[PDB]
Amino acid sequence: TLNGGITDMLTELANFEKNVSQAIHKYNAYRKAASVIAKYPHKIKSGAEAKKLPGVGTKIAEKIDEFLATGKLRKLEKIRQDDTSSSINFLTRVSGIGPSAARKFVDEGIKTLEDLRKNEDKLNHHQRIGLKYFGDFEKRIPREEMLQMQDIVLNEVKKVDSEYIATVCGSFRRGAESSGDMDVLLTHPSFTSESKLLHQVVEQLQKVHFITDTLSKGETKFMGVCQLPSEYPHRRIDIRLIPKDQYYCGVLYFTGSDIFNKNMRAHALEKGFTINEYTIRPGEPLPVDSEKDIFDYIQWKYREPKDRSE
DNA sequence: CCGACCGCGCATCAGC
DNA sequence: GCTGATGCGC
DNA sequence: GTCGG
Ligand SMILES: Nc1nc2c([nH]c(=O)n2[C@H]2C[C@H](O)[C@@H](COP(=O)(O)OP(=O)(O)OP(=O)(O)O)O2)c(=O)[nH]1
Ligand SMILES: [Mn+2]
Ligand SMILES: [Mn+2]
Ligand SMILES: [Mn+2]
Ligand SMILES: [Mn+2]
Ligand SMILES: [Mn+2]
Ligand code: NA
Ligand code: NA
């Protein structure tokens with residue numbers, strides 16, 4: 001937490017711009033600043049020192065001056081005290097409720113966790129589940145449960161087909177000691193860039209009562225809720241089915257971080273390449289046989305999953 | 001000063 | 001009933 | 001909000 005005070009402040013600003021202002025690029029601006037400062041090896045003594053960093057500019061430096069000076073920020077205090085603002089900010093904590101629905105609930109006087117409970121009729125399936133597990137979803141997941149979870153999924157997959165390969169990605173693959181959720185990258189030989197595979201994995205995981213609820217489900221992505229058997233908290237899980245011959249782009253994507261992916265895909269465009277969770281193109285998909293192969297194509301040195309937490 | 005700022009899967013519902 | 005526009009989230 | 005064109 002070298003500069004935690006400042007990165008905490010910037011993260012709150014970001015959240016406000018996203019949820020309340022609905023200014024996604026300001027959100028991204030503040031998270032880049034926060035990200036860049038988070039990897040700064042020195043304790044920031046002024047805004048001027050901070051301003052030297054790319055992503056940090058005039059408006060942020062002045063804010064850092066005020067925070068190092070007054071120990072707080074006036075803009076934030078103002079925002080925390082505004083009813084509409086704080087209300088919207090709070091509702092977005094519910095899975096399925098974004099800036100638009102939050103704002104619209106608040107306009108009709110629905111601003112608390114209780115108000116949503118007495119208005120179930122006005123939530124879609126996804127929001128209801130977000131409300132139902134509101135508390136549980138804000139709880140972190142210890143790697144000890146992640147390992148357990150990893151084992152219940154990998155083995156339930158073998159039990160559908162031995163050629164299925166399930167790889168747990170996300171914060172877990174980065175080596176985090178706790179994770180927001182569980183992300184599973186799934187492949188199988190009968191599915192490539194050339195021509196009910198996920199349904200089968202979802203069904204099986206449902207029968208053994210690991211998957212308790214469904215938020216969204218298509219032919220390549222599943223988002224739902226899972227739970228270790230006996231009571232543990234309910235947890236978020238996402239499964240992504242990726243063409244076997246695109247494992248490495250997929251696993252690079254699904255490993256993150258979200259900020260790292262945005263950094264990498266941008267630097268990609270600099271060097272003349274476009275990256276998605278499937279291919280890296282110039283253009284036709286270039287040949288890839290490892291994650292590193294991707295870091296080569298774009299003249300950025302390789303970095304172990306543990307060193308991708310942007 | 002202006003304005004671009006990664007890439008994509010699934011669900012909902014206003015407006016026909 | 002249908003389907004883009006839009007929303008939400010990875 | 002930021003930075004590069
Ligand atoms: N291109 C792109 N990739 C993203 C974005 N957001 C995002 O999470 N990803 C990728 C990187 C993440 O590791 C992966 C899974 O998302 P996640 O919500 O489970 O986050 P996470 O595993 O890194 O962290 P955690 O909070 O669950 O512990 O999706 C985004 O906005 N753009
Ligand atoms: Mn995750
Ligand atoms: Mn996830
Ligand atoms: Mn401007
Ligand atoms: Mn459609
Ligand atoms: Mn996330
Ligand atoms: Na700067
Ligand atoms: Na939300």
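Just so it is clear: chains get the letters A, B, ... in the order the sequence lines come, proteins before strands, and each one is counted from 1.
- Distance, A:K18 NZ to C:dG9 P: 7 Å, rounded to whole Å.
- Rounded to whole Å, the distance from CD on A:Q127 to P on C:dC8 is 8 Å.
- Nearest to the side chain of A:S95, among B:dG7, D:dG1, C:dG9, sits C:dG9.
- Checking C:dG9, C:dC10, D:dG1 against the side-chain heavy atoms of A:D183 singles out C:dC10 as nearest.
- If you measure from atom CD of A:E219 to atom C1' of B:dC8, you get 17 Å, rounded to the nearest angstrom.
- In this structure, A:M182 atom CE and C:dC10 atom P are separated by 15 Å, rounded to whole Å.
- The side chain of A:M223 lies closest to C:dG9, out of C:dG9, B:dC8, B:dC5.
- Of all nucleotides listed (D:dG1, C:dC10, B:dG7), B:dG7 comes nearest to the side chain of A:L269.
- The distance between atom CG of A:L215 and atom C1' of C:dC8, rounded to the nearest whole Å, is 11 Å.
- At D:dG1, one or more side-chain N or O atoms of A:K63 fall inside 4.0 Å of OP1 or OP2 (strictly under the cut-off).
- Checking the phosphate oxygens (OP1, OP2) of B:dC10, no side-chain nitrogen or oxygen of A:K221 falls inside 4.0 Å.
- With A:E145 as the partner, the side-chain hydrogen bond (donor to acceptor under 3.5 Å, both in side chains) test is satisfied by one option alone out of A:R140, A:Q150, A:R235: A:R235.
- Side-chain N/O atoms of A:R236 include one lying less than 4.0 angstrom from OP1 or OP2 on C:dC10.
- The side chain of A:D181 sits closest to C:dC10 out of B:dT12, C:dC10, B:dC8.
- Atom CD1 of A:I129 and atom P of B:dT12 are 12 Å apart (whole Å).
- A:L53 comes within 4.0 angstrom of the backbone, heavy atoms only, and of no base.
- Of the possible donor and acceptor atoms, none in the side chain of A:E156 sits under 3.5 Å from a partner among the backbone N and O of A:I152.
- Listed nucleotides D:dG1, C:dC10, C:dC8 differ in distance to A:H25; the shortest reach to its side chain belongs to D:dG1.
- Among B:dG7, B:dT12, B:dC8, the nucleotide with an atom closest to any side-chain atom of A:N124 is B:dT12.
- In this structure, CD1 on A:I211 lies 10.5 Å from CD on A:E203, to the nearest 0.5 angstrom.
- In this pair, A:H188 and A:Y164 present their aromatic rings perpendicular. The plane angle is above 60°, beyond the 30 to 60° band.
- Side-chain N/O atoms of A:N276 include one lying less than 4.0 angstrom from OP1 or OP2 on B:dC8.
- A:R174 places no side-chain N or O within donor-acceptor distance of the main-chain N or O of A:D307, the cut-off being under 3.5 Å.
- Look at CD1 on A:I24: it is 12 Å from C1' on C:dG7, rounded to the nearest Å.
- Summarising the geometry, the separation between CZ on A:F222 and P on B:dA11 is reported as 11 Å, rounded to the nearest angstrom.
- Residue-to-nucleotide proximity on DNA chain B shows that, of A:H125 and A:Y253, the 5′-proximal contact is made by A:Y253.
- Nucleic acid contact for A:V184: none, since no nucleic acid atom lies under 4.0 Å from a heavy atom of the residue.
- Among the heavy atoms of the strands lying under 4.0 Å from A:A101 are primed sugar atoms or P, OP1, OP2 only; no base atom is included.
- If you check every strand for non-hydrogen atoms under 4.0 Å, A:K32 touches nothing.
- When heavy atoms are screened at a 4.0 angstrom cut-off, A:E17 is found touching no nucleic acid atom at all.
- The P atoms of B:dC6 and D:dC3 are separated by 16 Å, rounded to the nearest whole Å.
- In terms of phosphate contacts, A:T220 brings a side-chain nitrogen or oxygen within less than 4.0 Å of OP1 or OP2 of B:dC10.
- Dashed line: the shortest gap from a side-chain N or O of A:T274 to OP1 or OP2 of B:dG7 is under 4.0 Å.
- If you find the closest nucleotide of DNA chain B to A:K262 and to A:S216, the one lying nearer the 5' end belongs to A:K262.
- Of the two grooves, A:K26 contacts the major one, by the criterion of a side-chain heavy atom less than 5.0 Å from a groove atom.
- A donor-acceptor contact shorter than 3.5 Å links the side chain of A:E66 to the backbone of A:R74.
- Taking only side-chain atoms of A:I60, from C-beta outward, the nucleotide of B:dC8, C:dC10, D:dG1 with the closest atom is D:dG1.
- Looking at A:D213, its side chain never comes within 3.5 Å of a backbone N or O of A:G224 through a donor-acceptor pair.
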